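K.L.:
Submitted below is the structure of interest, expressed as structure tokens.
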2 protein chains.
Amino acid sequence: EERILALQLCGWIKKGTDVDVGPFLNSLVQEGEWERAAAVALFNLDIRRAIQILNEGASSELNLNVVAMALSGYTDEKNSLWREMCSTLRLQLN
Amino acid sequence: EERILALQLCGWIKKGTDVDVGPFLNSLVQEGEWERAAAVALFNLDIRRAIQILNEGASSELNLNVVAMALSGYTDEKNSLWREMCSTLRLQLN
């Protein structure tokens with residue numbers, strides 16, 4: 001309970017015991033903030049929703065879709081090329 | 001001999017053996033034809049040179065830096081997430 005209050009003061013879940021961050025994501029979606037919505041969705045352990053948000057953003061307003069394809073290749077190997085490259089190249093983004 | 005005569009005509013190789021396609025590669029970075037530089041380098045299995053060319057072909061003056069991470073991760077699995085995503089998102093690039 002001491003953790004379900006913190007997450008509700010930060011405005012990630014509305015009041016109640018039904019803690020599943022759906023309304024916040026869509027409120028962000030038509031608020032006009034795509035990248036932050038992607039970050040929150042990924043933090044809630046779901047890639048595919050982030051892909052949906054990113055391609056939908058790519059529909060409106062050319063850099064988003066390639067980044068979606070980049071985040072598509074997630075790897076957990078101890079010597080993954082994705083790990084090393086995306087670690088060294090992270091600082092280049094804006 | 002037949003197929004290392006065809007490469008001579010096209011421009012891949014030089015007079016002699018010169019197995020490395022390098023001397024035709026570095027003749028294009030100076031010219032400023034970067035999107036070629038990766039492609040001709042990639043066909044000879046150079047995932048460690050595609051990053052090296054695209055990254056160095058970007059400092060001067062886009063998706064190129066973010067393509068690299070996607071190009072870094074390549075699994076060749078049966079139904080992996082990178083495989084399904086990159087197949088559809090190929091069509092949106094310029």
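Chain identifiers are assigned as A, B, and so on, following the order in which chains appear in the structure tokens; residues are numbered from 1 within each chain, and ligands are numbered from 1 in order of appearance.
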Would you mind listing, as a PyMOL selection string, all residues of chain A that have at least one atom within 12 Å of chain B, where only C-alpha atoms are what counts?
P.N.:
chain A and resi 47-48+51-52+54-55+58-59+62-77+79-94
K.L.:
Considering only alpha helix (DSSP H) as DSSP defines it on the backbone, what residues of chain B qualify? List them as number ranges by chain.
P.N.:
B: 3-10, 22-29, 34-42, 47-56, 63-72, 81-88
K.L.:
If chain A is fitted onto chain B by least squares over all C-alpha atoms, taken pair by pair in sequence order, what do its new coordinates look like as a short mmCIF file (atom, residue, chain, number, x, y, z; two decimals) with N, CA, C and O atoms, in the first residue's frame?
P.N.:
data_model
loop_
_atom_site.label_atom_id
_atom_site.label_comp_id
_atom_site.auth_asym_id
_atom_site.auth_seq_id
_atom_site.Cartn_x
_atom_site.Cartn_y
_atom_site.Cartn_z
N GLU A 1 37.72 -17.55 -62.74
CA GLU A 1 38.21 -16.42 -63.52
C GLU A 1 37.08 -15.71 -64.24
O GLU A 1 37.09 -14.48 -64.33
N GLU A 2 36.09 -16.46 -64.73
CA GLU A 2 34.93 -15.87 -65.38
C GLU A 2 34.10 -15.02 -64.44
O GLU A 2 33.25 -14.26 -64.92
N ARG A 3 34.31 -15.13 -63.13
CA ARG A 3 33.62 -14.29 -62.17
C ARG A 3 34.47 -13.13 -61.68
O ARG A 3 33.91 -12.13 -61.22
N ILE A 4 35.80 -13.25 -61.74
CA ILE A 4 36.68 -12.18 -61.30
C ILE A 4 36.82 -11.08 -62.34
O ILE A 4 37.35 -10.01 -62.03
N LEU A 5 36.34 -11.32 -63.56
CA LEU A 5 36.34 -10.31 -64.62
C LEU A 5 35.07 -9.46 -64.56
O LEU A 5 35.12 -8.24 -64.76
N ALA A 6 33.94 -10.09 -64.27
CA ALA A 6 32.68 -9.38 -64.16
C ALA A 6 32.75 -8.33 -63.06
O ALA A 6 32.36 -7.18 -63.26
N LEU A 7 33.27 -8.72 -61.90
CA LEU A 7 33.41 -7.82 -60.77
C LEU A 7 34.41 -6.71 -61.02
O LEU A 7 34.40 -5.71 -60.29
N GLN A 8 35.27 -6.85 -62.03
CA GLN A 8 36.25 -5.83 -62.34
C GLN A 8 35.79 -4.89 -63.44
O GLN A 8 36.20 -3.72 -63.46
N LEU A 9 34.91 -5.35 -64.33
CA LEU A 9 34.23 -4.46 -65.27
C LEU A 9 33.22 -3.56 -64.59
O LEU A 9 32.95 -2.46 -65.09
N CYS A 10 32.65 -3.98 -63.46
CA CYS A 10 31.70 -3.17 -62.72
C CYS A 10 32.38 -2.17 -61.80
O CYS A 10 31.69 -1.40 -61.13
N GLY A 11 33.70 -2.16 -61.76
CA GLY A 11 34.42 -1.22 -60.93
C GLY A 11 34.27 -1.44 -59.44
O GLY A 11 34.15 -0.46 -58.69
N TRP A 12 34.26 -2.69 -59.00
CA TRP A 12 34.33 -3.00 -57.57
C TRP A 12 35.74 -3.30 -57.10
O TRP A 12 36.07 -3.00 -55.96
N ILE A 13 36.58 -3.88 -57.96
CA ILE A 13 37.97 -4.15 -57.64
C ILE A 13 38.84 -3.63 -58.77
O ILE A 13 38.48 -3.75 -59.95
N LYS A 14 39.98 -3.05 -58.42
CA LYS A 14 40.93 -2.62 -59.43
C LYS A 14 41.57 -3.84 -60.08
O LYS A 14 41.36 -4.98 -59.68
N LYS A 15 42.38 -3.58 -61.10
CA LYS A 15 42.99 -4.67 -61.86
C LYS A 15 43.96 -5.46 -60.99
O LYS A 15 44.57 -4.92 -60.06
N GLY A 16 44.09 -6.74 -61.29
CA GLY A 16 45.01 -7.62 -60.60
C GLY A 16 44.30 -8.76 -59.90
O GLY A 16 43.08 -8.89 -59.93
N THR A 17 45.12 -9.61 -59.28
CA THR A 17 44.61 -10.73 -58.50
C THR A 17 44.29 -10.35 -57.06
O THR A 17 43.67 -11.14 -56.35
N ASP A 18 44.69 -9.15 -56.63
CA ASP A 18 44.43 -8.69 -55.26
C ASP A 18 43.00 -8.16 -55.21
O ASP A 18 42.73 -6.96 -55.36
N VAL A 19 42.06 -9.07 -54.98
CA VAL A 19 40.65 -8.70 -54.93
C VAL A 19 40.20 -8.56 -53.48
O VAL A 19 39.77 -9.53 -52.85
N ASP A 20 40.30 -7.34 -52.95
CA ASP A 20 39.74 -7.01 -51.64
C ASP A 20 39.30 -5.56 -51.72
O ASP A 20 40.14 -4.67 -51.92
N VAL A 21 38.01 -5.31 -51.55
CA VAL A 21 37.42 -4.02 -51.97
C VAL A 21 37.68 -3.03 -50.85
O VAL A 21 36.85 -2.78 -49.97
N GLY A 22 38.88 -2.47 -50.86
CA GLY A 22 39.23 -1.39 -49.96
C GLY A 22 39.24 -0.03 -50.62
O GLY A 22 38.61 0.92 -50.15
N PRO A 23 39.96 0.10 -51.74
CA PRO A 23 39.99 1.40 -52.44
C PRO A 23 38.63 1.89 -52.90
O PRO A 23 38.36 3.10 -52.83
N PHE A 24 37.76 1.00 -53.36
CA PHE A 24 36.44 1.43 -53.80
C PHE A 24 35.64 2.02 -52.65
O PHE A 24 34.98 3.05 -52.80
N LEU A 25 35.71 1.38 -51.48
CA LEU A 25 34.96 1.85 -50.32
C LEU A 25 35.40 3.25 -49.91
O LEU A 25 34.56 4.13 -49.69
N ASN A 26 36.71 3.49 -49.81
CA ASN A 26 37.15 4.82 -49.38
C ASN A 26 36.93 5.86 -50.47
O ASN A 26 36.62 7.02 -50.16
N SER A 27 37.09 5.48 -51.73
CA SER A 27 36.76 6.41 -52.81
C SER A 27 35.31 6.84 -52.72
O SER A 27 34.99 8.03 -52.87
N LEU A 28 34.41 5.89 -52.44
CA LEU A 28 33.03 6.25 -52.16
C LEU A 28 32.93 7.12 -50.92
O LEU A 28 32.09 8.03 -50.86
N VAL A 29 33.77 6.87 -49.92
CA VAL A 29 33.65 7.56 -48.64
C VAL A 29 33.91 9.05 -48.80
O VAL A 29 33.10 9.89 -48.39
N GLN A 30 35.04 9.43 -49.42
CA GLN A 30 35.19 10.87 -49.61
C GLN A 30 34.64 11.37 -50.93
O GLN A 30 34.79 12.56 -51.23
N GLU A 31 34.01 10.51 -51.73
CA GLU A 31 33.21 11.03 -52.83
C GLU A 31 31.99 11.79 -52.32
O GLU A 31 31.54 12.74 -52.96
N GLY A 32 31.46 11.38 -51.17
CA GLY A 32 30.29 12.01 -50.59
C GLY A 32 29.06 11.14 -50.60
O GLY A 32 27.94 11.64 -50.44
N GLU A 33 29.25 9.83 -50.79
CA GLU A 33 28.15 8.87 -50.89
C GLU A 33 28.28 7.87 -49.75
O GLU A 33 29.00 6.88 -49.86
N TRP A 34 27.56 8.13 -48.65
CA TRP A 34 27.69 7.29 -47.47
C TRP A 34 26.83 6.04 -47.57
O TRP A 34 27.31 4.93 -47.31
N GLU A 35 25.56 6.19 -47.93
CA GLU A 35 24.64 5.06 -47.92
C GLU A 35 25.07 3.96 -48.88
O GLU A 35 25.01 2.77 -48.55
N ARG A 36 25.50 4.34 -50.09
CA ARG A 36 25.98 3.35 -51.05
C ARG A 36 27.21 2.63 -50.53
O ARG A 36 27.37 1.42 -50.74
N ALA A 37 28.10 3.36 -49.86
CA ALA A 37 29.27 2.73 -49.26
C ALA A 37 28.84 1.72 -48.20
O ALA A 37 29.41 0.63 -48.10
N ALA A 38 27.84 2.07 -47.40
CA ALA A 38 27.32 1.13 -46.42
C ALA A 38 26.78 -0.12 -47.10
O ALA A 38 27.03 -1.24 -46.65
N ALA A 39 26.06 0.07 -48.20
CA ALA A 39 25.49 -1.08 -48.90
C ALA A 39 26.58 -1.99 -49.43
O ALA A 39 26.50 -3.22 -49.28
N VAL A 40 27.62 -1.42 -50.04
CA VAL A 40 28.68 -2.25 -50.60
C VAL A 40 29.45 -2.96 -49.49
O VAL A 40 29.74 -4.16 -49.59
N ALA A 41 29.74 -2.25 -48.41
CA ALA A 41 30.45 -2.86 -47.29
C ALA A 41 29.66 -4.01 -46.69
O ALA A 41 30.22 -5.06 -46.38
N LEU A 42 28.35 -3.83 -46.52
CA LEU A 42 27.53 -4.93 -46.00
C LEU A 42 27.49 -6.09 -46.99
O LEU A 42 27.55 -7.25 -46.58
N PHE A 43 27.37 -5.79 -48.28
CA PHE A 43 27.38 -6.85 -49.27
C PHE A 43 28.66 -7.65 -49.22
O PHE A 43 28.66 -8.84 -49.56
N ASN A 44 29.76 -7.04 -48.78
CA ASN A 44 31.01 -7.76 -48.60
C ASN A 44 31.11 -8.42 -47.22
O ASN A 44 32.22 -8.75 -46.78
N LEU A 45 29.99 -8.61 -46.53
CA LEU A 45 29.92 -9.34 -45.26
C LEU A 45 30.79 -8.68 -44.18
O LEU A 45 31.77 -9.25 -43.70
N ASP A 46 30.40 -7.47 -43.80
CA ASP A 46 31.02 -6.79 -42.66
C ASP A 46 30.05 -5.73 -42.15
O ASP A 46 29.76 -4.77 -42.87
N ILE A 47 29.56 -5.91 -40.92
CA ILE A 47 28.64 -4.94 -40.34
C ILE A 47 29.44 -3.78 -39.75
O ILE A 47 29.12 -2.61 -39.97
N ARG A 48 30.50 -4.11 -39.01
CA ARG A 48 31.20 -3.11 -38.22
C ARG A 48 31.75 -1.98 -39.09
O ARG A 48 31.72 -0.81 -38.69
N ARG A 49 32.25 -2.31 -40.28
CA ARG A 49 32.70 -1.26 -41.20
C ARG A 49 31.53 -0.37 -41.61
O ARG A 49 31.68 0.85 -41.73
N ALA A 50 30.36 -0.97 -41.83
CA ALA A 50 29.18 -0.17 -42.14
C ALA A 50 28.82 0.76 -40.99
O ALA A 50 28.41 1.90 -41.21
N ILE A 51 28.97 0.28 -39.75
CA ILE A 51 28.74 1.15 -38.59
C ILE A 51 29.73 2.30 -38.59
O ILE A 51 29.37 3.45 -38.30
N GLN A 52 31.00 2.02 -38.89
CA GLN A 52 32.00 3.08 -38.94
C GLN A 52 31.65 4.11 -40.00
O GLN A 52 31.75 5.32 -39.76
N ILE A 53 31.22 3.65 -41.18
CA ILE A 53 30.87 4.57 -42.26
C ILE A 53 29.66 5.41 -41.87
O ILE A 53 29.64 6.63 -42.06
N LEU A 54 28.64 4.77 -41.30
CA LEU A 54 27.41 5.47 -40.94
C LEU A 54 27.60 6.48 -39.82
O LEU A 54 27.08 7.60 -39.93
N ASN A 55 28.31 6.13 -38.75
CA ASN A 55 28.55 7.11 -37.69
C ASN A 55 29.42 8.26 -38.19
O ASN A 55 29.20 9.42 -37.82
N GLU A 56 30.40 7.96 -39.05
CA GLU A 56 31.22 9.01 -39.63
C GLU A 56 30.38 9.96 -40.46
O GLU A 56 30.57 11.18 -40.42
N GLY A 57 29.44 9.42 -41.24
CA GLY A 57 28.51 10.28 -41.95
C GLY A 57 27.64 11.08 -41.02
O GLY A 57 27.35 12.25 -41.27
N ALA A 58 27.21 10.47 -39.92
CA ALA A 58 26.41 11.18 -38.93
C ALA A 58 27.19 12.33 -38.31
O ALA A 58 26.60 13.31 -37.85
N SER A 59 28.52 12.22 -38.30
CA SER A 59 29.34 13.33 -37.80
C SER A 59 29.12 14.58 -38.64
O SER A 59 28.92 15.67 -38.10
N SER A 60 29.14 14.44 -39.96
CA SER A 60 29.00 15.58 -40.86
C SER A 60 27.53 15.85 -41.17
O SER A 60 26.64 15.05 -40.87
N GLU A 61 27.29 17.02 -41.77
CA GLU A 61 25.96 17.43 -42.23
C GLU A 61 24.91 17.41 -41.12
O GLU A 61 23.71 17.46 -41.40
N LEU A 62 20.49 13.73 -38.79
CA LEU A 62 20.17 13.12 -37.50
C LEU A 62 19.52 11.76 -37.69
O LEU A 62 19.18 11.08 -36.72
N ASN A 63 19.34 11.35 -38.95
CA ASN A 63 18.69 10.09 -39.25
C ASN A 63 19.67 8.93 -39.40
O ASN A 63 19.24 7.78 -39.34
N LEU A 64 20.96 9.20 -39.60
CA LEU A 64 21.89 8.13 -39.92
C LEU A 64 22.22 7.28 -38.69
O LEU A 64 22.28 6.05 -38.78
N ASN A 65 22.44 7.92 -37.55
CA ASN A 65 22.91 7.19 -36.37
C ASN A 65 21.85 6.23 -35.85
O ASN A 65 22.16 5.10 -35.44
N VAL A 66 20.58 6.66 -35.85
CA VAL A 66 19.52 5.76 -35.43
C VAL A 66 19.44 4.57 -36.36
O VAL A 66 19.18 3.44 -35.93
N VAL A 67 19.66 4.79 -37.66
CA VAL A 67 19.63 3.68 -38.60
C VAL A 67 20.80 2.74 -38.36
O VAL A 67 20.67 1.52 -38.52
N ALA A 68 21.95 3.28 -37.97
CA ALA A 68 23.06 2.42 -37.59
C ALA A 68 22.69 1.54 -36.41
O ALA A 68 22.93 0.33 -36.41
N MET A 69 22.06 2.14 -35.40
CA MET A 69 21.62 1.37 -34.24
C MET A 69 20.57 0.33 -34.64
O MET A 69 20.50 -0.75 -34.05
N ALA A 70 19.75 0.65 -35.64
CA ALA A 70 18.76 -0.31 -36.11
C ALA A 70 19.41 -1.49 -36.80
O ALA A 70 19.08 -2.65 -36.52
N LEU A 71 20.35 -1.23 -37.71
CA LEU A 71 21.08 -2.31 -38.36
C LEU A 71 21.97 -3.06 -37.39
O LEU A 71 22.45 -4.15 -37.72
N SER A 72 22.21 -2.50 -36.20
CA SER A 72 22.98 -3.21 -35.19
C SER A 72 22.30 -4.48 -34.73
O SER A 72 22.98 -5.48 -34.48
N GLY A 73 20.98 -4.47 -34.58
CA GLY A 73 20.27 -5.64 -34.11
C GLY A 73 19.90 -6.62 -35.20
O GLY A 73 18.73 -6.78 -35.54
N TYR A 74 20.90 -7.30 -35.77
CA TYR A 74 20.65 -8.35 -36.74
C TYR A 74 20.36 -9.66 -36.02
O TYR A 74 21.02 -9.99 -35.03
N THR A 75 19.36 -10.39 -36.51
CA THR A 75 18.94 -11.62 -35.87
C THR A 75 18.76 -12.71 -36.92
O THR A 75 18.44 -12.42 -38.07
N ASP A 76 18.95 -13.95 -36.50
CA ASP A 76 18.81 -15.10 -37.38
C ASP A 76 17.78 -16.10 -36.86
O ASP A 76 17.62 -17.18 -37.43
N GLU A 77 17.08 -15.75 -35.78
CA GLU A 77 16.06 -16.63 -35.24
C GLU A 77 14.87 -16.72 -36.19
O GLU A 77 14.59 -15.82 -36.98
N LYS A 78 14.16 -17.84 -36.10
CA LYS A 78 13.04 -18.10 -36.99
C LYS A 78 11.81 -17.26 -36.66
O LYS A 78 10.85 -17.26 -37.44
N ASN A 79 11.80 -16.57 -35.52
CA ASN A 79 10.65 -15.78 -35.11
C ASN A 79 11.09 -14.43 -34.56
O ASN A 79 10.44 -13.84 -33.69
N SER A 80 12.21 -13.92 -35.07
CA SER A 80 12.78 -12.69 -34.54
C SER A 80 11.83 -11.52 -34.77
O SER A 80 11.23 -11.39 -35.84
N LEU A 81 11.68 -10.67 -33.75
CA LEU A 81 10.89 -9.46 -33.91
C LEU A 81 11.53 -8.52 -34.93
O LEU A 81 10.83 -7.86 -35.71
N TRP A 82 12.87 -8.46 -34.94
CA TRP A 82 13.55 -7.64 -35.93
C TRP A 82 13.16 -8.06 -37.34
O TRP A 82 12.87 -7.21 -38.18
N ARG A 83 13.13 -9.37 -37.59
CA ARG A 83 12.81 -9.84 -38.93
C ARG A 83 11.46 -9.32 -39.40
O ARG A 83 11.37 -8.65 -40.44
N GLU A 84 10.42 -9.55 -38.60
CA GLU A 84 9.07 -9.17 -39.03
C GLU A 84 8.93 -7.65 -39.13
O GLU A 84 8.42 -7.13 -40.14
N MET A 85 9.38 -6.92 -38.11
CA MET A 85 9.22 -5.47 -38.14
C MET A 85 9.98 -4.85 -39.30
O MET A 85 9.39 -4.14 -40.13
N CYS A 86 11.28 -5.15 -39.42
CA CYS A 86 12.09 -4.56 -40.47
C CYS A 86 11.66 -5.05 -41.85
O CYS A 86 12.02 -4.43 -42.86
N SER A 87 10.92 -6.16 -41.92
CA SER A 87 10.35 -6.55 -43.19
C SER A 87 9.15 -5.68 -43.54
O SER A 87 8.98 -5.27 -44.70
N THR A 88 8.28 -5.41 -42.57
CA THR A 88 7.08 -4.65 -42.87
C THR A 88 7.36 -3.16 -43.03
O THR A 88 6.67 -2.47 -43.79
N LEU A 89 8.37 -2.64 -42.34
CA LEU A 89 8.63 -1.21 -42.29
C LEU A 89 9.65 -0.75 -43.32
O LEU A 89 9.98 0.44 -43.36
N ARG A 90 10.16 -1.66 -44.15
CA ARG A 90 11.21 -1.29 -45.09
C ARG A 90 10.73 -0.26 -46.10
O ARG A 90 11.45 0.70 -46.41
N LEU A 91 9.51 -0.41 -46.61
CA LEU A 91 9.00 0.46 -47.66
C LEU A 91 8.83 1.91 -47.21
O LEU A 91 8.67 2.79 -48.06
N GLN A 92 8.85 2.18 -45.90
CA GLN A 92 8.63 3.53 -45.42
C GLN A 92 9.84 4.45 -45.61
O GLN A 92 9.66 5.67 -45.64
N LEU A 93 11.04 3.89 -45.75
CA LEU A 93 12.24 4.71 -45.87
C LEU A 93 12.33 5.32 -47.27
O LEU A 93 11.62 4.93 -48.20
N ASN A 94 13.22 6.30 -47.41
CA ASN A 94 13.34 7.05 -48.65
C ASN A 94 14.63 6.78 -49.41
O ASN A 94 14.67 6.94 -50.63
#
